[PDB]
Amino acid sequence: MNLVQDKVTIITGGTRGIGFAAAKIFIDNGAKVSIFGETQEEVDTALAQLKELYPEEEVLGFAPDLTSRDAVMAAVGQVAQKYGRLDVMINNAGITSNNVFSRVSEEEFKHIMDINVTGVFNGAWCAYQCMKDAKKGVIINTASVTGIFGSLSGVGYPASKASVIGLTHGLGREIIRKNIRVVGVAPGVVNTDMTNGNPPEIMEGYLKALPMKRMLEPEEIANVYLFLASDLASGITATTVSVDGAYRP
């Protein structure tokens, strides 16, 4: 199976969790993969892990400030200049929130809006600049089940993830004439560092609320990134695919 054969791919937040599982699955399927991480330390750790798994595969790693379009452009530009093209952009880096409304500070709301929305806008804009003249490409934006069904706390999380769905819808409709597809992915509860850090009572809570009686594995989200990036999904754009196993927050 080589669903993304010879596709030049960038995965933001590709150092751990869903993004890292996607790096592996995309390399397994013939893609040329580059990853972004928050810090250079996280990037070095992930590149060393990928070097053990794939000793003959070259994987580029960068740590741009996702809130700065110039910093994202510098990193995206290096990938496009090394391979002469950019086929796939996955705006997967993201954070969550669970604070009760009264305890949501200005700083916390600004930060989740910055990373989850401005980070996605910057990545999609920089990918588009490298894809527009080639008149081909795929931009994948990671939303959440909370972007559709809301949440009971951490208002910045459904607000930012609903914005990602809205950005995906509008951008997809706008740039389809340049043969560039824009698709969203809205996961439910996934077994990563984002969810495994919670207290045991919250973990117990999730596991009883999940209709599948298990969290999804990062591979189950990464397999959807894989299909959506492949030419099999040539009819899918300006929409968000729910991958939540019927979980409802």
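A residue's number is simply how far along the shown sequence it sits, counting from 1.
- When 219-227 is weighed against 199-207, 199-207 comes out higher, by mean CA B-factor as recorded in the entry.
- Annotation for 129-137 versus 167-175: the higher mean temperature factor (C-alpha) is found in 129-137.
- Highest C-alpha temperature factor among 98, 92, 122, 160, as the PDB entry reports it: 98.
- Out of 182, 48, 35, 185, it is 48 whose C-alpha atom has the highest B-factor in the PDB entry.
- Placement of the Cα temperature factor of residue 147 within the chain: lowest third of the modelled residues, per the deposited record.
- Ranked against the other modelled residues of its chain, the C-alpha B-factor of residue 232 as given in the entry falls in the highest third.
- Ranked against the other modelled residues of its chain, the C-alpha B-factor of residue 190 as given in the entry falls in the lowest third.
- Among all modelled residues in this chain, the alpha-carbon of residue 80 has a temperature factor (C-alpha) in the highest third.
- Residue 104 sits in the highest third of its chain by CA B factor, as recorded in the PDB entry.
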